[PDB]
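Along the sequence shown, residues are numbered consecutively beginning with 1.
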Amino acid sequence: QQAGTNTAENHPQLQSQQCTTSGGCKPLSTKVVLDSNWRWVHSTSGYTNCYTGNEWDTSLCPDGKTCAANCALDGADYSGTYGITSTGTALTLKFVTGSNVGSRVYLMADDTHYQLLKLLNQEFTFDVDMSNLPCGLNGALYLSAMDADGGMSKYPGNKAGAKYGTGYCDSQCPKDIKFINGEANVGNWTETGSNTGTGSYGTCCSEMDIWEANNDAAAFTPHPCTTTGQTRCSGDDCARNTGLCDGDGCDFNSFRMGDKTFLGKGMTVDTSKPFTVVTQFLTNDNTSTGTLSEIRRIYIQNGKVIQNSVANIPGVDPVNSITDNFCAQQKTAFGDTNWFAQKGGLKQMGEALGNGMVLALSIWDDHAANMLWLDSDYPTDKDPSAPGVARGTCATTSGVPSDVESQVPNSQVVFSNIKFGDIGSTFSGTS
Ligand SMILES: OC[C@@H]1[C@@H](O[C@@H]2O[C@H](CO)[C@@H](O)[C@H](O)[C@H]2O)[C@H](O)[C@@H](O)c2nccn21
Ligand SMILES: *[C@@H]1O[C@H](CO)[C@@H](O)[C@H](O)[C@H]1NC(C)=O
C-alpha cells in the first residue's frame, strides 16, 4: 500500500515504563497506531476509494500488485472515527463509534517503528478497567511477531509501513487482512460482513495473548507457529491448528480451569474495578537465552497481591502457571489436540518472544463464535459439564455482534500503566 496525504497521521501518545532491578522504572515516550485494516484506502492521485464497505474497486484493484501501487492508506481521526483516546498513560478503546466497530492499535517506539518487546526472562505489567466491558466483548492486549517496520523493508509493494499500522499477523492466520506482503489481498475476495471480507491469502505468526477478557472471564494464551515472523499463507497452510499455527493455543482461563469464583464482578479479582495484571516469562535457567519454561500471572488490586488461581481439573496438576506439562495435561483432559506441542510448545513461543514482538491492544466482537469460547460454554454442542467446556457464566445466546453493537455500543476498555522489564521489577511489595 502507498502512504496517503489527505489526512495527517498523528499517533496518540501512550507512555510506557521500562524497568530494571537495579535502576527501577523509567518512562518511554511511546505512542499507538491504528491497524491498517481500519483505514481509509484511496487512489494515490485523489480521493476515489479503493475499498468501500466490503468490496474493492475492480478498476483500481484488478489484482494485488496493481492495487497496492494505485492505493494509499491515509491518516485517522482517532477519537472522532474510531473512539480511541489516550490521556498520555491511559488508552481508552470504545466499542461502537458511528458505523465503526472496534479497533486495534500497536505500541510504537517512534512514528515509523513499532516498539519491539523482548520479554524472555522479563515481565509485562498493565492496569485494566473492564467495568464497562460486558459479555460478548474482548478487550485484548497481546504480542504478535510482526516486523518493527510493518513489512516496509520486506515488501517493495508496501510504502506505508508501521506509521499506518501495516504488517499484521497472528496465530489465526487471518484472511480478512486487506494488505499482506505489500499486495492487496483481493484474490477471490468474499464478503463476510458489511465492512469486512476475506481474500485468498492469510497472514500468520506466533502470538502471545497476554490478555483476552471482559468483566465475566479472562484468558492468557501462548500460540506458537512453526514459522518465524510474519508469513503469508495460502490453502491448508492457513488452516487453524493443522496448518502453520496453533490457533487454539495453550490457554489459562481461571473459570475454564475449574475455579469459578476467582475472577469476575465482586470476586477475588474484582472486574467491576480497575486492577493490575502482571505476566512473567520465566526461562529454565533464568537467562534471556534459556528456554521459556513458565508463564506466571500475578494480580494486584487495592494494594492486595493476588496469586493466580489454582487449576482444579481431574487429571490436571493443581498448578497456577502455564508450563509444557500443564498444557499436555489440560489438552488431554479437555479433549483438545495438543497443537501447541506440535508447533513446538513453550520453547517455540519463547523463540518468538526472544526475537522480539509487537504489542497490540484491541477491542472486538466475534462473528465466528460470539466470544462464547471466552465467557460461555464451548463448543455449543458439547456437554457443558465436561472438563473444559464451561469458560464463563455468560448466556450461550450472548455475544451476537448485531446484538451487542445495538445493545452496548458504548462499552469500552481502558488499558493503562504499561510497564515491562526485569522479573519482579515492574511492581513492588512490602510489609
Ligand atoms: O478457548 C480456547 C480455544 C479457542 O481458541 C481461542 O480462539 C480465539 C478466537 O480465535 C482466540 O482469540 C484465542 O486466542 C484462542 O485461544 C478456539 O477457538 C475454540 O474453538 C476452542 N475449543 C477448545 C479450545 N478452544
Ligand atoms: C530461577 O529463578 C527461580 C525463581 O523464580 C528459582 O526458584 C530457581 O531456583 C532459579 N533457577 C536457577 C537455576 O537459578
Side-chain angles (χ1 to χ4, degrees), residues 2-4 34-44 48-74 99-104 106 144-147 150-152 154-162 164-207 223 225 227 229-245 247 358 360 362 364-369 401:
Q2 305 302 304
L34 178 72
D35 173 89
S36 66
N37 249 49
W38 271 263
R39 293 177 187 275
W40 180 24
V41 190
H42 61 78
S43 170
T44 57
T48 299
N49 281 9
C50 290
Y51 183 88
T52 307
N54 56 16
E55 297 277 2
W56 296 90
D57 190 287
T58 91
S59 189
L60 286 166
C61 291
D63 60 87
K65 278 155 184 300
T66 298
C67 194
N70 284 349
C71 295
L73 298 161
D74 226 309
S99 81
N100 178 73
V101 185
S103 64
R104 177 164 72 246
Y106 314 108
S144 277
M146 293 155 62
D147 297 323
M152 270 221 41
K154 269 187 182 54
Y155 307 121
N158 180 358
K159 309 285 189 224
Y164 298 86
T166 70
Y168 187 64
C169 59
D170 70 20
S171 59
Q172 311 303 323
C173 289
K175 299 179 76 175
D176 61 340
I177 307 306
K178 291 178 205 173
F179 290 91
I180 308 176
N181 289 29
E183 291 169 16
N185 191 18
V186 296
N188 190 64
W189 184 258
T190 315
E191 302 174 14
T192 57
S194 53
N195 298 97
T196 57
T198 51
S200 64
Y201 291 123
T203 171
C204 308
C205 76
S206 286
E207 180 181 355
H223 292 267
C225 300
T227 185
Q230 177 271 313
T231 295
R232 185 166 73 174
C233 65
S234 187
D236 28 80
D237 276 340
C238 296
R240 292 216 343 170
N241 299 328
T242 55
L244 301 186
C245 283
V358 173
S362 170
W364 58 287
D365 60 8
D366 177 4
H367 290 85

* Tell me, please, which residues at least two apart from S171 pass side-chain hydrogen bond (donor to acceptor under 3.5 Å, both in side chains). => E207, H223
* To do: Return yes if a side-chain donor-acceptor contact under 3.5 Å exists between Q230 and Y155, otherwise no.
  => yes
* side chain to side chain donor-acceptor pair (under 3.5 Å) contacts touching residues 193-202 (sequence neighbours left out) -> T192-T196
* To do: Could you tell me whether the side chain of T203 reaches within less than 4.5 Å of the side chain of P174, counting heavy atoms only?
  => yes
* **Residues which pass salt bridge (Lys or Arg N to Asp or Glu O under 4.0 Å) with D170, listed by chain and number, not counting sequence neighbours** => none
* Asked: Given the rule in the side-chain contact (heavy atoms from CB on, under 4.5 Å) test, do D365 and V101 qualify, once you have shown the distances and angles that lead to the verdict?
  -> CA-CA 8 Å; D365 60 8; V101 185; 4.0 Å; yes
* Is any side-chain heavy atom of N49 closer than 4.5 Å to a side-chain heavy atom of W40? -> yes
* Asked: What distance do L244 atom CG and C205 atom SG have between them, rounded to the nearest 0.5 Å?
  -> 11.0 Å
* Do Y168 and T166 have side chains that get closer than 4.5 Å, going by heavy atoms? -> no
* To do: Only counting residues at least two apart or in another chain, list the ones meeting side-chain hydrogen bond (donor to acceptor under 3.5 Å, both in side chains) with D35.
  => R104, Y106
* Asked: To the nearest 0.5 Å, how far apart are CD in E55 and OG1 in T190?
  -> 8.5 Å
* To do: State, to 0.1 Å, how close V186 and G64 come at their nearest heavy-atom pair, and which atoms those are.
  => CG2-N, 3.6 Å
* To do: Could you pull out the closest heavy-atom pair between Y164 and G4, with the gap in Å?
  => OH-O, 3.1 Å
* So does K154 pair up with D147, basic N to acidic O under 4.0 Å? -> yes
* Asked: Sequence neighbours excluded, which residues qualify as side-chain contact (heavy atoms from CB on, under 4.5 Å) partners of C173?
  -> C204, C233, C238, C245
* For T227, what residues pass the side-chain hydrogen bond (donor to acceptor under 3.5 Å, both in side chains) criterion, not counting sequence neighbours? -> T231
* Proximity of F179 and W56 rings by center, below 6.0 Å -> yes
* Sub-4.5 Å side-chain heavy-atom contact between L73 and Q2 -> no
* Asked: What distance do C169 atom SG and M146 atom CE have between them, rounded to the nearest 0.5 Å?
  -> 6.5 Å
* Listed partners of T58 passing side-chain contact (heavy atoms from CB on, under 4.5 Å), at least two apart -> none
* To do: Under the side-chain hydrogen bond (donor to acceptor under 3.5 Å, both in side chains) rule, collect the residues that match up with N185, sequence neighbours excluded.
  => none
* May I ask you to test the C61-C71 pair for a side-chain heavy-atom distance under 4.5 Å? => yes
* Closest approach of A369 and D366, non-hydrogen atoms and distance? -> N-OD1, 2.9 Å
* If you measure only the distance, is there a donor-acceptor pair under 3.5 Å linking the side chains of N54 and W189? -> no
* Should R39 and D74 be marked as a side-chain contact (heavy atoms from CB on, under 4.5 Å) after you check the CA-CA gap, both sets of side-chain angles, and the distance that decides it? -> CA-CA 6 Å; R39 293 177 187 275; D74 226 309; over 6 Å; no
* To do: Any salt bridge (charged side-chain N to carboxylate O under 4.0 Å, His left out) involving residues 231-243? Give me the pairs, sequence neighbours left out, ordered by first then second residue.
  => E183-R232, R240-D248
* **For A239, all residues meeting side-chain contact (heavy atoms from CB on, under 4.5 Å), sequence neighbours excluded** => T242
